[PDB]
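Student:
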Amino acid sequence: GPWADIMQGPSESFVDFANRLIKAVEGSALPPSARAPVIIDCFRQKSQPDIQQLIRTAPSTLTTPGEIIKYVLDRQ
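Right, dumping it as structure tokens:
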């Protein structure tokens, strides 16, 4: 899938990567209920190492892409 190769550049902001990623997922053939967990997983696995390490500190109660986005942005 198109979204599957998207990775955050070492010079790219997290929110720019998130926006690209989400656009690719929304435009893909994934069914609607698969989008959010795919997005979350890509945030966790495909962001820059420092961001991956920040995301993994988030409480398990943060479950939506929007919650992770704000978690990351609010800590920059």
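The number in the entry's author numbering is simply the position in the sequence shown, starting from 1, with 150 added. The C-beta atom is built at its ideal place from N, Cα and C for all residues, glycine as well.
1) Would you be able to state if there are at least three C-beta pairs under 8 Å between the segment 194-205 and the segment 175-183?
2) Is it right to say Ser161 is buried, meaning 16 or more other beta carbons lie within 10 angstroms of its own, or is it exposed?
3) Determine whether the beta carbon atoms of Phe193 and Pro209 lie at a separation below 8 Å.
Tutor: On the basis of the data shown:
1) no
2) exposed
3) no
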